[PDB]
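Protein chains in written order, with the entry's author numbering: chain C, 1 to 301; chain B, 1 to 301; chain D, 1 to 301; chain A, 1 to 301. All C-beta atoms, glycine included, are put in the ideal place defined by N, C-alpha and C. I have placed the structure first, in the form of structure tokens, so that the comments after it can refer back to it.
There are 4 protein chains.
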Amino acid sequence: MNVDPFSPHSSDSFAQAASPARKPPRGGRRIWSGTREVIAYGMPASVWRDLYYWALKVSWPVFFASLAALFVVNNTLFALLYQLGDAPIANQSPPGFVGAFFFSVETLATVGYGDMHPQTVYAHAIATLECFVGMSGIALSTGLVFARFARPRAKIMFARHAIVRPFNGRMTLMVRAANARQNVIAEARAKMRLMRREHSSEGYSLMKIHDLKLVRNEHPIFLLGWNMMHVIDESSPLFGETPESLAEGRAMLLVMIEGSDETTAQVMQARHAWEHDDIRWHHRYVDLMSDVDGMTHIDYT
Amino acid sequence: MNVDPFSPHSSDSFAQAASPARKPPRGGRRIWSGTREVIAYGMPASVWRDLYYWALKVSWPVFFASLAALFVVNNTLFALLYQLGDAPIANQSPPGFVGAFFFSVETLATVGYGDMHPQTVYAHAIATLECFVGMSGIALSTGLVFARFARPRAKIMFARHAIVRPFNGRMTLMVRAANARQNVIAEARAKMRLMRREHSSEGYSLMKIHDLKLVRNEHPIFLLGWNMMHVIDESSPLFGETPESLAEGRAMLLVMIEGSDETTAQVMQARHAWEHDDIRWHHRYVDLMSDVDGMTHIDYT
Amino acid sequence: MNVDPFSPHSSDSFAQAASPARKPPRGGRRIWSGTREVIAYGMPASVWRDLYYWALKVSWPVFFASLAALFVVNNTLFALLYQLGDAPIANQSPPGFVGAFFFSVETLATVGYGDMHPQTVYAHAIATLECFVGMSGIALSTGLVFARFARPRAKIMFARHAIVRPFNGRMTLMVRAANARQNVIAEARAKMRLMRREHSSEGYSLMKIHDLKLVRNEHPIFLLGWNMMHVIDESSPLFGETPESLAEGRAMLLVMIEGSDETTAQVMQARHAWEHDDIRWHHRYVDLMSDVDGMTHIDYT
Amino acid sequence: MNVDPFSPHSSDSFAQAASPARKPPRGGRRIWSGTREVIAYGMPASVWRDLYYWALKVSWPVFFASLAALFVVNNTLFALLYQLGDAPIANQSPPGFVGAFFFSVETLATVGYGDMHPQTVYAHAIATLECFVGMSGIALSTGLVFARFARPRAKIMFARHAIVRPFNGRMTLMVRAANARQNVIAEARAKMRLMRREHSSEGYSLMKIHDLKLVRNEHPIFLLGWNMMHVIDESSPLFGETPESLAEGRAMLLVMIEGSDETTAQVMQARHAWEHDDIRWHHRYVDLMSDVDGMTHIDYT
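So, in structure tokens, the structure goes:
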């Protein structure tokens, strides 16, 4: 009966999104593609490695199916080899290449029991090559499988519109962080992208912006549900941030969150940018506003 | 006959906790749960991944049992398939589905020897699917096993009450670090959580506190048994730290310790927070106090 | 129909280098060698580990061939053992050691089906040792395979000559970054190596140079195609950088780029140094210059 | 014919230590022990994990032998089970438990061919349990094997006595770095341990020392063979470093070196401390002194 840990016995957690589950996934910067990145498209030699990338993302149901497809294709190739013209391997329950398929599945996977017919050395060599390849394939598939597990998932990026509301008599901006996975130790850094008035982009196009203020007062260590926030009044590029000026430039607000996961420690980072028109007025100050009386932590979308 | 390394030939090390071993484990922030974090409960789609989490923590005896249970269940499902209605696979030592169980165990695991009866193609297809699934399962189990080993253990968090005692004519606070595993290179950072007097929590609720002082004079590199300590007299929020004031706010002292393990290098971190009432008066100054005359390092609880 | 992601449906990406693909790879700091580093050559005990290194780099086609070669060699050694002089294992389809080869391949890899002849205990012991070794070998090969995948590729180093051109009425230097793989979050640090005029190298030979300026105004977070740049006019060693002076010293410009890959997070770094004569005059200011009207991102060499 | 890379075609690299190879290894902080650390000895529950540690260090020849020993022991236990009293499994080439050993090796490892005798269900259950355990064991052994490879080796710590020699008319201290493996990107930090004159150790015993000066002018990025160095003349605790004073305290000089390996990126660190009497006078200024005329890099001990 701990204060927070008793929470899971509460009502269903489906409030994040029950209905959208049946709807397709959030594909916006992660749509099905053979590219790793839109800029990465330039490398042409990458075609081999593209498969690696492909096998890494959609792989939950697709990988198993893909592996099965590869199995069938590879096995049939073997069957064709069986028909090559050396003394054939027969005496399998199904006559013809079907029989070849039947014993060869055992070879390209594990190893055949009563299919004791390596009568011809040519057939044997073919089978031997298949054995080597098949065990190699198993290692490859297992390696890929582990690699997929190794890849962590960063749902921490979330998606929410920035809100510019006053706080402490000072104009400020606020961003919603995500607690979707094991988020317990993240820290964040804010980057902004403003274009100068004179930025015809013939010179130092795209002025990089250092806005440490979003995280400066906000250093988030008790990350169980922190919000990031900067102050406008100080000396910062954001002073002149009126909407029209922001619109003129390609004002982009970028926030990155990264830290250990408490789980096997990997530094998981997240990238999320919001457009200048994604900023919202102070009217959003109403916030989530807990509906349950008392200090309670609730997650609703 | 080195100075410290001769120590293991001394008396039993059981002083950390011999009797408590039979008692249940320290479940306080790590109780058996299907949640990853109390906040993480909100994500509902996580149910699949919950199993991953589950298989990662309690897994020492439970994993093997679980795997066996899965084996039995999966195998019996196969047996049911054997009874599907195609020409059945018989001619196994035990008649009936028991025989099916007997040969199928070989298929869903490794591969059957004298159970050379893939007489019917329908039976064969069923067996083939089982073979594919079984080898996949082996890869999955091995992957999970390695992943578990990959997860490091951080006993370094320990548990001890803070002590506010005077030192060098200056009021200070002290925290006991843990040397439970391979702790040789950790470094630490201190975070505090104070509530403002005016913190009705309608504004910037929960004032984050930067208290680098705990580690500031204490940078711990010779980590073989270091204690962390801050100074109150300087300008710090802790100046006004009288107990009544601390009680009013939800004064929380948080200390994190992290560094390489000398072992395959992973950055292992630890999180441990102590309540404001977990702070103890200066009377704790007596310390462990070595009982063995001379400079000796002893670990007793 | 996103702004950048629609790009892959454009023309072929082969512009990075279609013809050079048939030409040998860029071997300059990575030529075929048994050394790990030119300085690493000094360690002689490393000969065993040299193989590890060797198996890690060229391994795409070479590893499979090497493994096959090892298989043949190891298997033949087993065959020799078969001929040791204990009662021989015969009754294999091919008489003689060929038969030994035939059944032994099954033993040193997976396990033999109808080769049920462990008639002599001496033969059996030999086979048993082979079984143990073979399964160990499989584990070793799979481990090496995964390790290779674990190794990331850093094409991000690229190769381009530095350009010293004026910008904003201030003399500056510019370096081309690479987007060849998944480069999305890199950051960079600049190091320089100048020799003092008086540097007879009898004292503090080789004055290390701190040139943070290359990245100082350039902190690259929107890394989709950033260029690094320092300023000469400020107080920096580069003020006196006239070509003759640079030539006198062994002026070396070193830039390192590193950051998370968004992929399983590993910190991938890159090292690339350019000679003092690799610096080019301001005439290179023409830049790539997009040929497609409008703001477009194109990758051409 | 590159400048440094042609070096390996030179004379033998054995100069690091040809004869000492036959001599036992440098066991000083890494002697055969069941402890992870001298302080780690305190945890008693660690006994299980001690084996993990043990299997990780000496494992090059020992692991294979250990595994074989475990195989024999586990297999014999199975044989005992065969003799349990259920209808026995006979009809193996060797009569008695020897036969049991013979077929059981196939079960606890891979899977038996002509040993088609699971005649009794009790025998079968025993064999089945063995199959499950054996495959699990294989996974465990492979996991351990990969884990060992994952562990990097840091020979970079080296061992050399500090030298306090004058440089640039300023008293300085110098330390020899090691290039033994793939050392290309390390950086270093210096820590010192001095005891105060008044340090009866009743107060803040052991004054931690921040000596960033060793690396301050020395930031080592061109790490192909850099030496670390601090300056005494500035304000530093080292000003009063006369030998007698150092002797009074337990002056310890600690230097840590860490950075990416260019190899699969792991941050490999190294810890090495030197006693106050390990410091040497300025007479060591003679240095290695290259014997080969011209600027050449040679590694001799």
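- Within chain A, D4, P5 and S7 have C-beta atoms less than 7 Å from the C-beta of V38(D), given in sequence order.
- Listed in chain order, the positions of the stretch 161 to 193 of chain A with a beta carbon within less than 8 Å of a beta carbon of chain B are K191 and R193.
- In this structure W226(C) is buried. Its beta-carbon is surrounded by 16 or more other beta-carbon atoms within 10 angstroms.
- The C-alpha of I279(A) is placed about 25 Å away from the C-alpha of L206(D).
- In terms of Cα proximity to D50(C), the closest of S200(D), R181(D) and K155(D) is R181(D).
- Close partners of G249(D) in chain A (Cβ separation under 9 Å) are lacking, with about 14 Å as the shortest Cβ gap.
- The alpha-carbon of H282(B) is positioned some 57 Å away from that of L194(D).
- The C-beta of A150(A) has 16 or more other C-beta atoms within 10 Å across all chains shown, which makes the residue buried.
- One finds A147, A150, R151, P152 and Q266 in chain B with Cβ atoms closer than 8 Å to the Cβ of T264(C), taken in chain order.
- With respect to the 8 Å criterion, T264(A) and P243(D) are not classified as neighbours on the basis of their beta carbons.
- Sixteen is the threshold: when 16 or more other Cβ atoms of the shown chains lie within 10 Å of the Cβ of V215(D), as they do, the residue is buried.
- Residue pairing by DSSP puts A270(B) in a beta bridge opposite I257(B).
- Sixteen is the threshold: when 16 or more other Cβ atoms of the shown chains lie within 10 Å of the Cβ of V105(A), as they do, the residue is buried.
- Of the other Cβ atoms in all chains shown, fewer than 16 fall within 10 Å of the Cβ of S200(C); this residue is therefore exposed.
- Not one beta carbon of chain A lies nearer than 8 Å to the beta carbon of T301(D).
- Contact annotation for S235(A) against chain B: no contact, minimum CB-CB distance about 17 Å [criterion: below 7 Å].
- When DSSP states are grouped into helix, strand and coil, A190(C) belongs to the strand group.
- In this structure, DSSP gives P166(B) an extended state, which the three-state scheme calls strand.
- Close CB contacts of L144(A) within its chain, under the 7 Å cut and outside five residues either way in sequence, are with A55 (chain order).
- For the stretch 195 to 224 of chain C, the continuous alpha helix (DSSP H) assignments of 4+ residues that do not extend past its boundaries occur at 213 to 216, in sequence order.
- Excluding residues up to 5 positions away in sequence, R193 and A273 lie with their Cβ nearer than 6 Å to the Cβ of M252(D) in the same chain.
- At a cut-off of 8 Å, the C-beta of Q269(B) has a neighbouring C-beta in chain C.
- Residues of the same chain with a CB within less than 8 Å of the CB of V111(D), apart from the 5 flanking positions on each side, are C131 in chain order.
- In the three-state scheme derived from DSSP, where H, G and I count as helix and E and B as strand, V62(D) is classed as helix.
- Against chain A, the beta carbon of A109(B) has neighbours under 8 Å at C131, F132 and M135, listed in chain order.
- Any Cβ of chain B closer than 8 Å to the Cβ of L81(A) would place that residue at the interface, and such an atom is absent.
- Taking the Cα positions, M135(A) is about 21 Å away from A125(D).
- When the five nearest sequence neighbours on each side are left out, the beta carbons in the same chain lying within less than 6 Å of the beta carbon of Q92(B) are those of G99, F102 and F103, in order along the chain.
- Put simply, the CB of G28(C) is far from chain B, with every gap to its CB atoms at 8 Å or more.
- Contact check for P220(B) and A188(B): beta-carbon distance about 6 Å, within the 8 Å limit, so the pair qualifies.
- Distance check between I232(C) and each of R170(C), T142(C), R30(C) and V286(C) places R170(C) closest, using alpha-carbon atoms only.
- Boundaries for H9(A): no alpha helix (DSSP H) harbours it, and the DSSP string shows neither H nor E there.
- Taking CB atoms only, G99(A) has no neighbour in chain B less than 8 Å away.
- Listed along chain C is no residue with a C-beta nearer than 8 Å to that of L84(D); the closest approach is about 24 Å.
- Its Cα nearest to that of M174(A), the residue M228(A) stands out among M228(A), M289(A), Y204(A) and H9(A).
- Using a 10 angstroms sphere on the CB of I89(B), the tally of other CB atoms reaches 16 or more, which defines it as buried.
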